[PDB]
Amino acid sequence: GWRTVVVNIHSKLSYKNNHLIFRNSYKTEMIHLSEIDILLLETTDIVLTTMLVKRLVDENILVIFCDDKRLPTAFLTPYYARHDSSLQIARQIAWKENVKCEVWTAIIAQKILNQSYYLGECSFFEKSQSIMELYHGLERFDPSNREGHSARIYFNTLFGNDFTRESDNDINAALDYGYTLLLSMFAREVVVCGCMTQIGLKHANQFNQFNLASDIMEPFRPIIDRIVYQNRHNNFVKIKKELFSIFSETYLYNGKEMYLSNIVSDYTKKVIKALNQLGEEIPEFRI
Amino acid sequence: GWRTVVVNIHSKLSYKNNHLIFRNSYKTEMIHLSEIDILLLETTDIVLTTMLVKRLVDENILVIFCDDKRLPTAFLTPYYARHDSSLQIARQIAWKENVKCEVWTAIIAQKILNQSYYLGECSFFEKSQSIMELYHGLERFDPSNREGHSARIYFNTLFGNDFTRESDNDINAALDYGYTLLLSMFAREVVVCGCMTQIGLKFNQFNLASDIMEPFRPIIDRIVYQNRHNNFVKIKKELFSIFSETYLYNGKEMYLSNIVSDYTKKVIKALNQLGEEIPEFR
Amino acid sequence: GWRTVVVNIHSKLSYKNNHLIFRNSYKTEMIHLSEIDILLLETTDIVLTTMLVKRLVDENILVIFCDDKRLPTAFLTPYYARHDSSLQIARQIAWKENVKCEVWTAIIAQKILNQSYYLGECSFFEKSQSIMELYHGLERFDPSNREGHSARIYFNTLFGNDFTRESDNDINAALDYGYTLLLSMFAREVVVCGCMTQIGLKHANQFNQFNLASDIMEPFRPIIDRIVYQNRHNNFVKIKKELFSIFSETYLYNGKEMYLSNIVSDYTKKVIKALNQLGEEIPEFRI
Amino acid sequence: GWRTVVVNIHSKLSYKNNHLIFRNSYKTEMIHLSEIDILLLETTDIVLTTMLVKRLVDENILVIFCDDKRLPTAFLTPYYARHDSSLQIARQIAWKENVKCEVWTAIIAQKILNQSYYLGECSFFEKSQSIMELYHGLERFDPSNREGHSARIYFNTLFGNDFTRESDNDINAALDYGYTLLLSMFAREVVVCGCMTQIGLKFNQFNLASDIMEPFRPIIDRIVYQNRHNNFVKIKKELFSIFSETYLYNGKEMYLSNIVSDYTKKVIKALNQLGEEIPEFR
Amino acid sequence: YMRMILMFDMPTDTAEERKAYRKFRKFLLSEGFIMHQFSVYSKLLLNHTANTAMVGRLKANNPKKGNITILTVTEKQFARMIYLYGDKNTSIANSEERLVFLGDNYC
Amino acid sequence: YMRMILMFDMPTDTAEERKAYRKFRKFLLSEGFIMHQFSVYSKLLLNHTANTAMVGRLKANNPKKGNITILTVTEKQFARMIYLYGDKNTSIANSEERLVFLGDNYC
DNA sequence: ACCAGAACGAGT
DNA sequence: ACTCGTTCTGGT
DNA sequence: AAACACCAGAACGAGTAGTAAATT
DNA sequence: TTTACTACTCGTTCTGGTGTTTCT
Ligand SMILES: [Mg+2]
Ligand SMILES: [Mg+2]
């Protein structure tokens, strides 16, 4: 099939007449299990019958579950027949280091470009020039933490002399939560794409379970810093509502305005194709 | 966990205060989530919430979903079950053939060795002698499929010589019911131990568990044996007893869940680095 | 000493300055422990100090206790020195059968004459003559139960065709309780006199713990029958108040009117003296 | 009963709901009347009601009243303690000398025999030999007061040769404290067993108990022994331990209350009719 | 020596429902049941025959109401009883003592 | 397998006195304590190390109020427990069963 | 985790 | 009432 | 769907007051 | 000086209801 159903509201999913019933307050929608490639449950509120699960495996659909933090936790695994997304895990292991190095260089280049461009939009001309000077020519597989210096410059221009994790103000009371609010998107997309977040490109650190999720969210990070910077002086309890504009607001991708959910889905798919050495252009997110 | 939960009737399974709540029109029950080990949802009438599924996968309960014939068809594998998960996967890539060959030859030795004891209990001394020709005359990487030949000899001693494991009988269906329950057990233990069930020590989603389980395969060919005559419901009911009965492992009598958990953790110890011994079950 | 003290009401007995203090609602009386021969506690309401008990044995006084039914239950026994009433028990054992036979013959004689005289006062002339003829000459140590026939005649004239214990009317709801209300008097007096109620004169039955009490009370039973006969038609609840006239009303003894408590005390003392072969006339109770 | 109650302070002892209630301005306490065995009112400040005394004598607690020096001076004797009391009294009159002589010679044999073991514990082998000359050379009705001579020999081994039991000091005061406690025990047991304490098997109010107690007299001369040095309060406190400690009787270890009740019940069996054996305590 | 705990739950909605709770509590206190806690009462029985006799007596004096439950524990467990907050009952009736001094122990 | 009983009385007179009774009861039910009776709660602990661990957890989560008392009984005594009037709890959580059928036992 | 000792309960 | 067997706890 | 918060209700539970009775 | 009522009184106690909130 083609449709990937994302159940993110209090619902009741059941099965009658080869049709996924997705009942809620708004619309007791009708969806055909023939079309459903991947059912993705995005909340803990949803109620699903065992009969539906029986006929979600019969049609070979990936039933992914999510916990309270909207993060992937378990995918329903069939004994007999398996989805078409169960072969990427066996090729993700055999991913060559060269494609990982190139795609990481591109992702980090996009991160520095986004931070420098937003600094240009943050009324810091010399700081924007310095941020681009950190990556005037993107250091090909930089061994040292030059990205550390670039982040230092960007966060110094953004949030003041220090924007590290130590300070307890909305500098981290918002950036921490937002940076976990988008980690859920990339983790969920990576597991949807049939990939394993646990092992990712340039993820030499084994301390992070969400390796590929963070590594591919690196380009999409500056949205959170932008929304925080605009509403920085406000309290954190206000930022809990301010940061939610990500889903409502549409950003430019592929030349057109799209919701960030569609953008992260497309970006994750294109990066996954790139690491498969399909030859596709590593996707770009910049404004 | 220690309890084994089998839900066969129409109900709604929900969460409340670290408890699984079972609500049939007749009864309401609460079972503490730490007590449950297996949740075997045989019937297609269970209406379980997704909030229950989250707490179930954090507590690592082996939730198994069946089909209309009450035959297992799916189960839940947690994406993130161990803190060291990424390390174990990265090391799993670095699983050279030299350790894999030794681990598989050890495990196949254990499988044929445990096959011999059932023939001893089946009053087949000459069939046990053929199994011993395959066992002492062990094979490395099975050049002649001596494991398959020993399995065929054990079956010929076990079932009629004409009977084949692939053919469809009541015995040949329960012998796979039990195999699917045990496969779920070992898949859960592998994924909890940080490894990947989809890799294989000698692809397919359960290749790792399908080998580590092999020494425990005769546990299923004996329960089916002692009750081979009666109908499928009876062999299914006695197959359920693996969760309840007790089996001897190491130097103590432990329930099969603990034997599965301990065995599935020693093999990973040796595969990770050649500094462990593959344990023997009998 | 000479005074015997009968503490019958809710009291508090204590000891200060060689004086038994007997406090109650009426009079916090003063009694000297030198004069006290026998202290007799008659109820369960009394409060006594241990200091008083210490100075009750020091002066060698018999401290007799009583239970809820006003019946003797325990006498305070001193280790070192003993009362003058502790020698009768060891001579009661050596009482000869001849004195017991004579005293029982006179005791049952008084019982039969009392019943016959009351029948003469009960408007039964022929029955009075028949009761007298049952003992026209008192059968000297009668072997058979001729006293049973005398009681049959008396009770037939008194309470109708049958006055046995079976009937549940006031014939037994009053006579039984009243016959236990005077058993208390004789038991308490016999134990006060330093005698043992357990073994009694002509008391062949071993089922009777109050042997001598009953044996000496036999002449005093008829008062209860008179009192119930006067108030026979009334209910037993009324007889519980009517029977209490025993203590208030004074009867003729020794030629003068006395309370029945004094009468039973003197009668018990004289019967005990007669059983001792002192030669005293066995006392008489008849009206 | 099993508890032993010793009231040494100012209080008021009362009755409520089958309980003894102890009320000092500091404390209020309730003890179930079936649990109590001895109520030892040492102090002259106890203010006890008479309703308590009734329930105490129906439940047969050994209530003992002492004097200013906390030395026993009186105790309660129940008039009616046995349903069969009158028959035991009437039979007690029919106590011929032929059975009394045998029972007394048995009891005096037990007393001297138990005296010998203490000499064995007192490291006096020659004094034990003199006691054995009195014991094996036993006397019937004590023609030569051989019981008194054996007691004198045991004392000379026990106390200094100049010391006499009648003389006054700490030892010969506690030796009578314990004797009065034991005498109260045996008087209670005789009066409960339906007999008369004032009669004697060989008058005085405790003649029956003063002979039945005799085999248990060395129970008191050993506690006084082991603590003879210290002041009277110490020997009194260790004398209190007869209620608490355990002594071997028949074939089992029982507390001295059970030995006293048990011993005082077969002696009456033999005196009543010559169809019982006088039990031996050691 | 073993302890018995008699946890009870008994309804109080009618006169006969409360006229048998009062009788039950009077019987409980009469036979020597120390109030461990509200509706949790305990008795120290010296031997097993005492336990059998009092089980028979309780069965004979059943209020026939509510939920009355008997647990019999060895004195080891009643002495290993753990009090998170609170204090043990220090009364004489709660101890297996045989020598008991309602007064001054001579020590 | 041994049972644990946690009898408690806890005061209810102030807000803080009732704000810790509710927390204590939530903890009790959260850790799997079956309400035997009002204020008498029981848990089936499979081994002794579980008893030690949960004693430590209870000590760490003490309301620090009232009278909370722990008795640990062997399952023999919790099964010999006598009900004068009433019925045993027949729930699955109250049994030492290892094979449990929320449905039809195939027998 | 296993073994030994002690205590408790049941049966003869 | 005594003795033996079973189980529970403590220690290495 | 579930956790957290307190508020309110109906039931469980012991103690204290008061009256009555107190020799089958 | 106890026991035998029922009465009432204040404390223990569990459940139900309504609101609020939710990826640090
Ligand atoms: Mg209760
Ligand atoms: Mg409570």
# chains A, B, ... in the order shown; residues from 1 in each chain; ligands from 1

call {"tool": "residues_near_ligand", "arguments": {"ligand": "ligand 2", "cutoff": "8 Å", "atoms": "only C-alpha atoms (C1' of nucleotides) and all ligand atoms", "output": "ChimeraX atom specification"}}
result
/E:37-40 /F:7-10,38-40 /J:12

call {"tool": "residues_around", "arguments": {"residues": "residue 6 (chain G)", "least_positions_apart": "5", "cutoff": "12 Å", "atoms": "only C-alpha atoms (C1' of nucleotides)", "output": "MDAnalysis selection string"}}
result
chainID H and resid 7:10

call {"tool": "residues_around", "arguments": {"residues": "region 3-6 of chain H", "least_positions_apart": "2", "cutoff": "12 Å", "atoms": "only C-alpha atoms (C1' of nucleotides)", "output": "ChimeraX atom specification"}}
result
/G:7-12 /H:1,8

call {"tool": "residues_around", "arguments": {"residues": "residue 213 (chain D)", "least_positions_apart": "5", "cutoff": "8 Å", "atoms": "only C-alpha atoms (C1' of nucleotides)", "output": "PyMOL selection string"}}
result
chain D and resi 182-183+186

call {"tool": "select_by_dssp", "arguments": {"residues": "region 3-99 of chain F", "states": "strand (DSSP E or B)", "output": "number ranges by chain"}}
result
F: 3-9, 34-37, 40-45, 67-74, 82-85, 99

call {"tool": "select_by_dssp", "arguments": {"residues": "region 3-194 of chain D", "states": "alpha helix (DSSP H)", "output": "MDAnalysis selection string"}}
result
chainID D and resid 50:59 85:93 97:121 125:135 146:158 171:192

call {"tool": "interface_residues", "arguments": {"of": "chain J", "to": "chain C", "cutoff": "12 Å", "atoms": "only C-alpha atoms (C1' of nucleotides)", "output": "PyMOL selection string"}}
result
chain J and resi 1-3
